[PDB]
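To start, the structure under review is shown below, and the notes come after it.
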Amino acid sequence: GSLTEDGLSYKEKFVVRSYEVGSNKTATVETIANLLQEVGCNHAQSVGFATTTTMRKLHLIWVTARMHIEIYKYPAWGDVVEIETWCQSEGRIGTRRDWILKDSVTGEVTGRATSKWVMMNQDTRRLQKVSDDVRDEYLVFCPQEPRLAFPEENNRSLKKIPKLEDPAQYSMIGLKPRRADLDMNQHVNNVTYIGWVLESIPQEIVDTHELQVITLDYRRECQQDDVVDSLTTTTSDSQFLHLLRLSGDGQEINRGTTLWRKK
Amino acid sequence: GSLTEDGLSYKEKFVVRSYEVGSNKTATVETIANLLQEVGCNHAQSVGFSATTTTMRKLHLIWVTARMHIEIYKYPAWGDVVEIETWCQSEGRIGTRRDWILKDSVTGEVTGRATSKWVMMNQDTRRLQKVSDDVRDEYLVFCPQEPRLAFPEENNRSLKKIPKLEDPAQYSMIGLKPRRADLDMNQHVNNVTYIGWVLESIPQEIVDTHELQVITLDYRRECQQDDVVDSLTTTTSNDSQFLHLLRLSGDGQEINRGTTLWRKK
Ligand SMILES: CN(CCO)c1ccccn1
Ligand SMILES: CN(CCO)c1ccccn1
């Protein structure tokens, strides 16, 4: 992988692995989400980071508030996918990281993603607006003019998601993370939550439809010793409303929506 | 990746990914095990398999793992390049064996090794069988004819008999269930998930102060997508050794047994 000529975006190629594909012999949405994080991490490293020097002194970190992914074609096992990523400053609200997925052979866009990140104190978990001093340290690594993976007005990536009402139509209960679900800092990887949301979709839907869009809001983290319940209700193509909550007290950890197309 | 000059082994390089590493910023044993399967799959494809032979598909026969044995000297760091070489050997009518050698691409030194025993089974009835002469004759041209072992040593750990853990277990992790990410393309639980489940019953303090050096895993029966598993561990021992058992939650039917050896950091 490498930064582009202007140094304002990053590209990387990936060959889809045998264990990364589902029953259709194409990459799962969780494989795609892992590749998005990997290219984001390689971009951060290439420009010297994704905490800045001032963020480390103030014990501040970037945390994902929202992830939105749209896939037109899932790459097949053995295929090469090219992913381009960049970041944009959203004033004092936070930052946004966008991605474009392309088939390396045809050059056509096979997917796109966007994510909203907010600043929080790593110890108290208190959210904050971005200070001028921190914002000034990362603006030189972003395109100054807007560059949006989802430009269209009133697009799915900015839609408000309601809270699922009991009783849920479908559910998968008692989900727990194992060590493979944790990142290097012993926190649950963001992609595990995507997997948990999908667990409450009936197997018949997965067997006859392809996931086209997923929007996920992240409200609170699941700890290594926490247990989660995944809830789904059909709202409709098939559309679903989702909710992940702690198994005991019912504390919301995530809410989301998925859109599926018939095969 | 590519077959070597003689066409009897296969090599492939991998750059360790951010989500593939643990607390020490080095590849987990599950990442290593996934890479071993990926290079095994690429080897099978390069020589024309899909790893069933033409006669195997006719008779509805498949290769299934009976035992996996991995020894790691150094886990590659995040961003490092690891080179893995793999080959297969015929073990007469008992079955086949796939071996691996892991090397640091920069230094060229061996950082790990693995060996696995595979047996033939009817895909539908699940009945094990010896390898017939006709099937064995179709894959011998893809194997070195003289023995080539990742674990040559006379009394090496890869061939040791593993006993059955007796109740009560010292440690346990109960109610483990596979999710869709744990399944392969055929909707069967991936073999690497069982390694993860075995490791779940090791206390976090051991993981935080030791490095896993060796794991030997016997595969007795598969866990189905709707099954629930209990992972049991008892210390048997500067090194710490453990005896492991995975069994179905409910009837207590054994799915795997194994041993791990850990060294102080
Ligand atoms: C806006 N950020 C995060 C700054 O902490 C970027 C920008 C480019 C590459 C990596 N991170
Ligand atoms: C002995 N076998 C299994 C053939 O069913 C090999 C050998 C080389 C590559 C792949 N499979």
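Residue numbering restarts at 1 in every chain; chains get A, B, ... in the order shown in the structure tokens, and ligands count up from 1 in that same order.
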- At most 6 Å to chain A: residues in chain B, only C-alpha atoms, as a PyMOL selection string: chain B and resi 18+22-23+38+185-186
May I have the residues within 9 Å of ligand 1, computed using only C-alpha atoms and all ligand atoms, as a PDB file with N, CA and C atoms, in the first residue's frame?
ATOM      1  N   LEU A   8      -2.726  12.974   0.132  1.00  0.00           N
ATOM      2  CA  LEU A   8      -3.997  13.224   0.818  1.00  0.00           C
ATOM      3  C   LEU A   8      -4.954  12.011   0.873  1.00  0.00           C
ATOM      4  N   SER A   9      -4.540  10.868   0.314  1.00  0.00           N
ATOM      5  CA  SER A   9      -5.309   9.631   0.406  1.00  0.00           C
ATOM      6  C   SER A   9      -4.351   8.426   0.345  1.00  0.00           C
ATOM      7  N   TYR A  10      -4.853   7.223   0.604  1.00  0.00           N
ATOM      8  CA  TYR A  10      -4.019   6.029   0.690  1.00  0.00           C
ATOM      9  C   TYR A  10      -4.698   4.870  -0.047  1.00  0.00           C
ATOM     10  N   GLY A  40      -7.170   1.825   6.886  1.00  0.00           N
ATOM     11  CA  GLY A  40      -7.231   3.009   7.744  1.00  0.00           C
ATOM     12  C   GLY A  40      -6.004   3.070   8.642  1.00  0.00           C
ATOM     13  N   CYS A  41      -5.610   1.924   9.190  1.00  0.00           N
ATOM     14  CA  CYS A  41      -4.449   1.814  10.053  1.00  0.00           C
ATOM     15  C   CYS A  41      -3.151   2.071   9.279  1.00  0.00           C
ATOM     16  N   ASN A  42      -3.051   1.555   8.046  1.00  0.00           N
ATOM     17  CA  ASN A  42      -1.857   1.756   7.205  1.00  0.00           C
ATOM     18  C   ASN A  42      -1.729   3.216   6.762  1.00  0.00           C
ATOM     19  N   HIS A  43      -2.872   3.890   6.520  1.00  0.00           N
ATOM     20  CA  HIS A  43      -2.906   5.308   6.187  1.00  0.00           C
ATOM     21  C   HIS A  43      -2.357   6.121   7.402  1.00  0.00           C
ATOM     22  N   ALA A  44      -2.866   5.861   8.622  1.00  0.00           N
ATOM     23  CA  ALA A  44      -2.430   6.540   9.849  1.00  0.00           C
ATOM     24  C   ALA A  44      -0.902   6.403  10.058  1.00  0.00           C
ATOM     25  N   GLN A  45      -0.373   5.200   9.874  1.00  0.00           N
ATOM     26  CA  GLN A  45       1.044   4.922  10.010  1.00  0.00           C
ATOM     27  C   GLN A  45       1.891   5.681   8.973  1.00  0.00           C
ATOM     28  N   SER A  46       1.443   5.713   7.704  1.00  0.00           N
ATOM     29  CA  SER A  46       2.167   6.368   6.620  1.00  0.00           C
ATOM     30  C   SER A  46       2.348   7.864   6.823  1.00  0.00           C
ATOM     31  N   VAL A  47       1.439   8.513   7.567  1.00  0.00           N
ATOM     32  CA  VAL A  47       1.555   9.949   7.806  1.00  0.00           C
ATOM     33  C   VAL A  47       2.050  10.298   9.226  1.00  0.00           C
ATOM     34  N   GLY A  48       2.557   9.321   9.974  1.00  0.00           N
ATOM     35  CA  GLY A  48       3.154   9.583  11.279  1.00  0.00           C
ATOM     36  C   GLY A  48       2.323   9.381  12.522  1.00  0.00           C
ATOM     37  N   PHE A  49       1.110   8.832  12.395  1.00  0.00           N
ATOM     38  CA  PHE A  49       0.280   8.557  13.564  1.00  0.00           C
ATOM     39  C   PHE A  49       0.391   7.064  13.897  1.00  0.00           C
ATOM     40  N   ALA A  50      -5.155   6.515  15.944  1.00  0.00           N
ATOM     41  CA  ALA A  50      -4.752   7.637  15.089  1.00  0.00           C
ATOM     42  C   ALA A  50      -4.637   8.919  15.928  1.00  0.00           C
ATOM     43  N   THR A  51      -4.007   8.809  17.100  1.00  0.00           N
ATOM     44  CA  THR A  51      -3.858   9.942  18.001  1.00  0.00           C
ATOM     45  C   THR A  51      -2.733  10.876  17.585  1.00  0.00           C
ATOM     46  N   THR A  52      -2.971  12.173  17.732  1.00  0.00           N
ATOM     47  CA  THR A  52      -1.948  13.175  17.474  1.00  0.00           C
ATOM     48  C   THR A  52      -1.079  13.312  18.748  1.00  0.00           C
ATOM     49  N   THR A  53       0.030  14.053  18.664  1.00  0.00           N
ATOM     50  CA  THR A  53       0.891  14.293  19.817  1.00  0.00           C
ATOM     51  C   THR A  53       0.118  14.978  20.963  1.00  0.00           C
ATOM     52  N   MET A  55      -3.146  14.874  21.450  1.00  0.00           N
ATOM     53  CA  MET A  55      -4.154  13.946  21.941  1.00  0.00           C
ATOM     54  C   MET A  55      -3.552  13.017  23.014  1.00  0.00           C
ATOM     55  N   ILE A  61      -8.627   9.947  22.547  1.00  0.00           N
ATOM     56  CA  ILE A  61      -8.635   8.982  21.450  1.00  0.00           C
ATOM     57  C   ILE A  61      -9.832   9.226  20.509  1.00  0.00           C
ATOM     58  N   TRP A  62      -9.724   8.723  19.276  1.00  0.00           N
ATOM     59  CA  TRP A  62     -10.823   8.719  18.326  1.00  0.00           C
ATOM     60  C   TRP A  62     -11.604   7.423  18.567  1.00  0.00           C
ATOM     61  N   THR A  85      -8.656   5.180   0.752  1.00  0.00           N
ATOM     62  CA  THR A  85      -9.229   5.802   1.949  1.00  0.00           C
ATOM     63  C   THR A  85      -8.647   7.212   2.177  1.00  0.00           C
ATOM     64  N   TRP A  86      -9.426   8.050   2.824  1.00  0.00           N
ATOM     65  CA  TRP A  86      -9.025   9.405   3.148  1.00  0.00           C
ATOM     66  C   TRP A  86      -9.838   9.896   4.349  1.00  0.00           C
ATOM     67  N   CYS A  87      -9.374  10.963   4.976  1.00  0.00           N
ATOM     68  CA  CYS A  87     -10.081  11.553   6.105  1.00  0.00           C
ATOM     69  C   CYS A  87     -10.443  12.977   5.825  1.00  0.00           C
ATOM     70  N   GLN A  88     -11.481  13.441   6.501  1.00  0.00           N
ATOM     71  CA  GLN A  88     -11.923  14.808   6.359  1.00  0.00           C
ATOM     72  C   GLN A  88     -12.296  15.345   7.725  1.00  0.00           C
ATOM     73  N   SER A  89     -11.900  16.594   7.968  1.00  0.00           N
ATOM     74  CA  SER A  89     -12.204  17.301   9.193  1.00  0.00           C
ATOM     75  C   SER A  89     -13.669  17.756   9.108  1.00  0.00           C
ATOM     76  N   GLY A  94     -16.056  16.424  14.888  1.00  0.00           N
ATOM     77  CA  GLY A  94     -15.164  15.274  14.830  1.00  0.00           C
ATOM     78  C   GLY A  94     -14.582  15.112  13.441  1.00  0.00           C
ATOM     79  N   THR A  95     -14.243  13.881  13.088  1.00  0.00           N
ATOM     80  CA  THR A  95     -13.672  13.558  11.792  1.00  0.00           C
ATOM     81  C   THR A  95     -14.501  12.476  11.092  1.00  0.00           C
ATOM     82  N   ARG A  96     -14.239  12.294   9.805  1.00  0.00           N
ATOM     83  CA  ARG A  96     -14.906  11.303   9.010  1.00  0.00           C
ATOM     84  C   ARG A  96     -13.840  10.550   8.205  1.00  0.00           C
ATOM     85  N   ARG A  97     -13.933   9.212   8.127  1.00  0.00           N
ATOM     86  CA  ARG A  97     -13.030   8.455   7.271  1.00  0.00           C
ATOM     87  C   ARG A  97     -13.902   7.813   6.210  1.00  0.00           C
ATOM     88  N   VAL A 134      -5.842  20.693  18.344  1.00  0.00           N
ATOM     89  CA  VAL A 134      -5.777  19.320  17.850  1.00  0.00           C
ATOM     90  C   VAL A 134      -6.135  19.278  16.368  1.00  0.00           C
ATOM     91  N   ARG A 135      -7.190  20.012  15.982  1.00  0.00           N
ATOM     92  CA  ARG A 135      -7.670  20.114  14.607  1.00  0.00           C
ATOM     93  C   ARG A 135      -6.612  20.677  13.667  1.00  0.00           C
ATOM     94  N   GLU A 137      -3.405  20.221  13.913  1.00  0.00           N
ATOM     95  CA  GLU A 137      -2.382  19.194  13.749  1.00  0.00           C
ATOM     96  C   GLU A 137      -2.716  18.097  12.734  1.00  0.00           C
ATOM     97  N   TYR A 138      -3.988  17.945  12.322  1.00  0.00           N
ATOM     98  CA  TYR A 138      -4.321  16.889  11.349  1.00  0.00           C
ATOM     99  C   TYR A 138      -4.903  17.395  10.027  1.00  0.00           C
ATOM    100  N   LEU A 139      -5.217  18.689   9.925  1.00  0.00           N
ATOM    101  CA  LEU A 139      -5.781  19.247   8.702  1.00  0.00           C
ATOM    102  C   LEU A 139      -4.849  19.147   7.495  1.00  0.00           C
ATOM    103  N   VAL A 140      -3.537  19.183   7.714  1.00  0.00           N
ATOM    104  CA  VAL A 140      -2.555  19.022   6.639  1.00  0.00           C
ATOM    105  C   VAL A 140      -2.519  17.588   6.040  1.00  0.00           C
ATOM    106  N   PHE A 141      -3.209  16.623   6.663  1.00  0.00           N
ATOM    107  CA  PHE A 141      -3.276  15.257   6.142  1.00  0.00           C
ATOM    108  C   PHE A 141      -4.628  14.951   5.437  1.00  0.00           C
ATOM    109  N   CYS A 142      -5.505  15.948   5.304  1.00  0.00           N
ATOM    110  CA  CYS A 142      -6.837  15.823   4.742  1.00  0.00           C
ATOM    111  C   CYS A 142      -6.984  16.688   3.490  1.00  0.00           C
TER     112      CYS A 142
END
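Every residue having at least one atom no farther than 8 Å from ligand 2 is included below, with only C-alpha atoms and all ligand atoms taken into account: residues 8, 9, 40, 41, 43, 44, 45, 46, 47, 49, 51, 52, 53, 56, 63, 87, 88, 89, 90, 96, 97, 98, 135, 138, 139, 140, 142 and 143 of chain B.
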Emit the selected residues as a short mmCIF file (atom, residue, chain, number, x, y, z; two decimals), in the first residue's frame, including N, CA, C and O atoms.
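out_2.cif, freshly written:
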data_model
loop_
_atom_site.label_atom_id
_atom_site.label_comp_id
_atom_site.auth_asym_id
_atom_site.auth_seq_id
_atom_site.Cartn_x
_atom_site.Cartn_y
_atom_site.Cartn_z
N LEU B 8 7.14 -29.78 -5.79
CA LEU B 8 6.77 -30.66 -4.68
C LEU B 8 6.46 -29.93 -3.35
O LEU B 8 6.13 -30.57 -2.36
N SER B 9 6.56 -28.59 -3.35
CA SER B 9 6.18 -27.79 -2.19
C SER B 9 5.70 -26.40 -2.65
O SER B 9 5.80 -26.08 -3.85
N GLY B 40 -2.13 -23.89 2.50
CA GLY B 40 -2.52 -25.25 2.15
C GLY B 40 -3.53 -25.23 1.01
O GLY B 40 -3.43 -26.04 0.07
N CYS B 41 -4.50 -24.30 1.07
CA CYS B 41 -5.52 -24.14 0.03
C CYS B 41 -4.89 -23.68 -1.29
O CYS B 41 -5.27 -24.16 -2.35
N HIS B 43 -1.77 -24.16 -2.27
CA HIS B 43 -0.99 -25.29 -2.76
C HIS B 43 -1.94 -26.26 -3.53
O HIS B 43 -1.63 -26.62 -4.66
N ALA B 44 -3.08 -26.64 -2.93
CA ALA B 44 -4.06 -27.55 -3.54
C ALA B 44 -4.54 -27.01 -4.91
O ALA B 44 -4.53 -27.76 -5.90
N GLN B 45 -4.85 -25.72 -4.98
CA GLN B 45 -5.29 -25.06 -6.20
C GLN B 45 -4.20 -25.07 -7.28
O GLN B 45 -4.50 -25.34 -8.45
N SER B 46 -2.95 -24.79 -6.90
CA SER B 46 -1.83 -24.72 -7.82
C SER B 46 -1.57 -26.03 -8.55
O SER B 46 -1.05 -26.01 -9.66
N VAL B 47 -1.88 -27.17 -7.92
CA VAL B 47 -1.66 -28.47 -8.54
C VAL B 47 -2.95 -29.12 -9.09
O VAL B 47 -2.92 -30.30 -9.46
N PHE B 49 -6.28 -29.36 -7.52
CA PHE B 49 -7.27 -29.97 -6.63
C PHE B 49 -8.38 -29.01 -6.20
O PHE B 49 -8.25 -27.80 -6.39
N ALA B 51 -9.31 -30.60 -0.84
CA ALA B 51 -8.21 -31.13 -1.65
C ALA B 51 -8.59 -32.51 -2.20
O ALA B 51 -7.81 -33.46 -2.15
N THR B 52 -9.81 -32.62 -2.73
CA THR B 52 -10.31 -33.88 -3.25
C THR B 52 -9.79 -34.19 -4.63
O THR B 52 -9.70 -33.30 -5.49
N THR B 53 -9.48 -35.45 -4.87
CA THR B 53 -9.06 -35.91 -6.19
C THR B 53 -10.34 -36.20 -7.02
O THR B 53 -11.45 -36.22 -6.48
N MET B 56 -12.06 -39.20 -5.57
CA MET B 56 -12.67 -38.88 -4.28
C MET B 56 -14.05 -38.26 -4.48
O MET B 56 -15.00 -38.68 -3.82
N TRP B 63 -11.07 -35.18 2.71
CA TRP B 63 -10.03 -35.20 3.71
C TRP B 63 -10.55 -34.40 4.91
O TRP B 63 -11.15 -33.34 4.74
N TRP B 87 4.02 -28.62 2.28
CA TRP B 87 4.10 -29.80 1.43
C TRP B 87 3.26 -30.92 2.04
O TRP B 87 2.92 -30.88 3.23
N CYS B 88 2.95 -31.93 1.24
CA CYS B 88 2.20 -33.07 1.72
C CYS B 88 2.98 -34.34 1.54
O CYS B 88 3.83 -34.45 0.66
N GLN B 89 2.65 -35.33 2.36
CA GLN B 89 3.25 -36.63 2.26
C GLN B 89 2.20 -37.70 2.45
O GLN B 89 1.28 -37.56 3.27
N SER B 90 2.34 -38.76 1.67
CA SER B 90 1.48 -39.91 1.75
C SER B 90 1.94 -40.72 2.96
O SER B 90 3.14 -40.95 3.11
N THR B 96 -2.94 -38.97 4.91
CA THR B 96 -1.90 -38.04 4.47
C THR B 96 -1.49 -37.11 5.63
O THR B 96 -2.16 -37.02 6.66
N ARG B 97 -0.39 -36.40 5.43
CA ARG B 97 0.13 -35.47 6.39
C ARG B 97 0.48 -34.17 5.64
O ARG B 97 1.03 -34.24 4.53
N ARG B 98 0.13 -33.00 6.21
CA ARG B 98 0.55 -31.74 5.61
C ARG B 98 1.46 -31.08 6.63
O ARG B 98 1.09 -31.02 7.81
N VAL B 135 -6.84 -44.09 -5.22
CA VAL B 135 -6.84 -42.69 -4.80
C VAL B 135 -5.42 -42.23 -4.49
O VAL B 135 -5.01 -41.16 -4.94
N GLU B 138 -3.23 -41.28 -7.43
CA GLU B 138 -3.57 -39.99 -8.03
C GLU B 138 -2.94 -38.77 -7.35
O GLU B 138 -2.98 -37.69 -7.94
N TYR B 139 -2.41 -38.91 -6.12
CA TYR B 139 -1.81 -37.74 -5.45
C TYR B 139 -0.32 -37.90 -5.12
O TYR B 139 0.31 -36.92 -4.72
N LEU B 140 0.25 -39.10 -5.30
CA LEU B 140 1.66 -39.32 -5.00
C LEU B 140 2.61 -38.50 -5.86
O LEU B 140 3.66 -38.07 -5.37
N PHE B 142 2.31 -35.46 -6.50
CA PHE B 142 2.36 -34.10 -5.96
C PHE B 142 3.12 -34.03 -4.60
O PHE B 142 3.20 -32.97 -4.01
N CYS B 143 3.70 -35.14 -4.14
CA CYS B 143 4.38 -35.26 -2.87
C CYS B 143 5.86 -35.61 -3.07
O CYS B 143 6.18 -36.45 -3.93
#
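Minimum atom-to-atom distance to residue A:224, evaluated using only C-alpha atoms, belongs to B:204 out of B:172, B:85, B:255, B:204.
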- Item | strand (DSSP E) per DSSP on the backbone: members of stretch 60-263 of chain A, as a ChimeraX atom specification | /A:60-71,80-90,94-103,109-121,127-128,170-175,209-218,228-234,238-246,252-262
- Message: So that I can check the surroundings of stretch 115-119 of chain B, please list as an NGL selection string every protein, DNA and RNA residue that reaches within 9 Å of it, counting only C-alpha atoms and ignoring chain neighbours fewer than 2 positions away.
- Response: :B and (62-70 or 94-100 or 113 or 121 or 128-131 or 149-151 or 158)
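For the pair atom CA of residue A:216 and atom CA of residue A:202, the interatomic distance is 18.7 Å.
Every protein, DNA or RNA residue with an atom at most 7 Å from residue A:170, where only C-alpha atoms count and chain neighbours fewer than 4 positions away do not, is listed here: residues 200, 231, 232 and 233 of chain A.
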Using N, CA and C atoms, can you export the residues from the last selection as a PDB file, in the first residue's frame?
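Below you can see result-v8.pdb, which holds the result:
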ATOM      1  N   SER A 200     -28.838 -12.230  14.316  1.00  0.00           N
ATOM      2  CA  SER A 200     -30.288 -12.348  14.506  1.00  0.00           C
ATOM      3  C   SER A 200     -31.084 -12.313  13.175  1.00  0.00           C
ATOM      4  N   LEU A 231     -31.120  -8.219  18.501  1.00  0.00           N
ATOM      5  CA  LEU A 231     -32.536  -8.175  18.190  1.00  0.00           C
ATOM      6  C   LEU A 231     -32.756  -7.568  16.796  1.00  0.00           C
ATOM      7  N   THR A 232     -33.697  -8.148  16.028  1.00  0.00           N
ATOM      8  CA  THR A 232     -34.029  -7.748  14.664  1.00  0.00           C
ATOM      9  C   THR A 232     -35.540  -7.808  14.386  1.00  0.00           C
ATOM     10  N   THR A 233     -36.060  -6.784  13.690  1.00  0.00           N
ATOM     11  CA  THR A 233     -37.445  -6.720  13.247  1.00  0.00           C
ATOM     12  C   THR A 233     -37.468  -6.263  11.787  1.00  0.00           C
TER      13      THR A 233
END
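The nearest approach to residue A:16 among the residues A:204, A:90, A:79, A:98, with only C-alpha atoms taken into account, belongs to A:79.
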- 7 Å contact set for stretch 66-75 of chain A, only C-alpha atoms, chain neighbours under 5 positions out, as a PyMOL selection string: chain A and resi 26-27+81+110-116+157+212-218
- Message: Residues near residue B:112, anyone? I mean within 7 Å using only C-alpha atoms, not counting same-chain ones fewer than 2 positions away, as an MDAnalysis selection string.
- Response: chainID B and resid 71:74 101:103 110
Could you save those same residues with C-alpha atoms as a PDB file, in the first residue's frame?
ATOM      1  CA  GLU B  71       5.250 -24.947  17.582  1.00  0.00           C
ATOM      2  CA  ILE B  72       6.077 -21.227  17.533  1.00  0.00           C
ATOM      3  CA  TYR B  73       9.545 -19.872  18.497  1.00  0.00           C
ATOM      4  CA  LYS B  74       8.761 -16.210  17.561  1.00  0.00           C
ATOM      5  CA  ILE B 101       7.762 -24.238   8.054  1.00  0.00           C
ATOM      6  CA  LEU B 102       7.376 -20.560   9.033  1.00  0.00           C
ATOM      7  CA  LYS B 103      10.288 -18.166   8.456  1.00  0.00           C
ATOM      8  CA  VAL B 110      12.724 -20.563  11.169  1.00  0.00           C
TER       9      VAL B 110
END
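Between atom CA of residue B:241 and atom CA of residue B:261 the interatomic distance comes to 4.5 Å.
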